[PDB]
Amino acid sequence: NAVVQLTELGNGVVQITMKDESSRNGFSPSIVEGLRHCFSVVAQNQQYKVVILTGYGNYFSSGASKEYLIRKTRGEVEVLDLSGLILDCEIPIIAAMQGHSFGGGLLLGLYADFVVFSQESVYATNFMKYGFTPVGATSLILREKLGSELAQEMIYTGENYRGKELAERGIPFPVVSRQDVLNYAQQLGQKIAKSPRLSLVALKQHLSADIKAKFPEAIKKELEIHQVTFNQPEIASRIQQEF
């Protein structure tokens, strides 16, 4: 079966589940194509009103693979950007992050309208751990959703934070036990799905307008800086040591 599956939960709530065990829900060709396909099925089905995006087991999304980053050091690829994919969805998305989220994987979840974290799992914007600056409008999104101070610490350090540590820090999102994350997202989705679809779509467009306006320039600015900081002598070795 496909590594990304769409299921119906009732009342217009649907669940898109990522299960690429081989990459631990990394940004693999299978995951990218599966997400694109599942979101296209959603766009086509006018009865759907809320999407819950979730992972499998211990992983929500581990983002770009270390093998991919190494390939990048030899200038062999370009930078993947899934923002368009998620941001194009016209109905509300809840990211039920029941497992770990790293790098673009944390951003993937934070692109959503609502986010649920697991107490026991680990979250990081770890670009700076490898020694280079973020991509994907990380600072725009993280500052908007997490608050400027938490965003800044996470981005500068690149460190791994448990959900429980983030909660203690005053993150504005629910942080619950791993076994409760998806259930929490589902209950919230059902509350939201009580509204007419037309109203949900209109409201989401209204609420997203300010960030969407700022997004293309943010992505561009971060890419330009990333190209400079990634292409420095010591980066290849730093990436080697994170294996």
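Just count from 1 along the sequence shown to find any residue number.
Would you mind comparing 196-204 and 44-52 for me and telling me which has the higher average C-alpha temperature factor in the entry?
-> Comparing 196-204 with 44-52, the higher average CA B-factor belongs to 44-52.
Going by the average Cα B-factor in the PDB entry, point out whether 160-168 or 93-101 comes out higher.
-> Higher mean C-alpha B-factor: 160-168.
Out of 79, 137, 115, 124, highest CA B-factor residue = Of 79, 137, 115, 124, 79 has the highest C-alpha B-factor.
Place residue 67 in the lowest, middle or highest third of its chain's C-alpha B-factors, as listed in the PDB entry.
-> Top third by C-alpha B-factor.
Classify residue 75 as lowest, middle or highest third according to the C-alpha B-factor given in the PDB entry, relative to its own chain.
-> Highest third of the chain for residue 75's C-alpha B-factor.
Comparing residue 235 with the other modelled residues of its chain, is its CA B-factor in the lowest, middle or highest third?
-> Highest third of the chain for residue 235's C-alpha B-factor.
Relative C-alpha B-factor of residue 27, binned into the chain's lowest, middle or highest third = Tercile = middle for this residue's CA B-factor.
Considering only modelled residues of the same chain, in which third does the CA B-factor of residue 84 rank: lowest, middle or highest?
-> As the PDB entry reports it, the C-alpha B-factor of residue 84 lands in the highest third of its chain.
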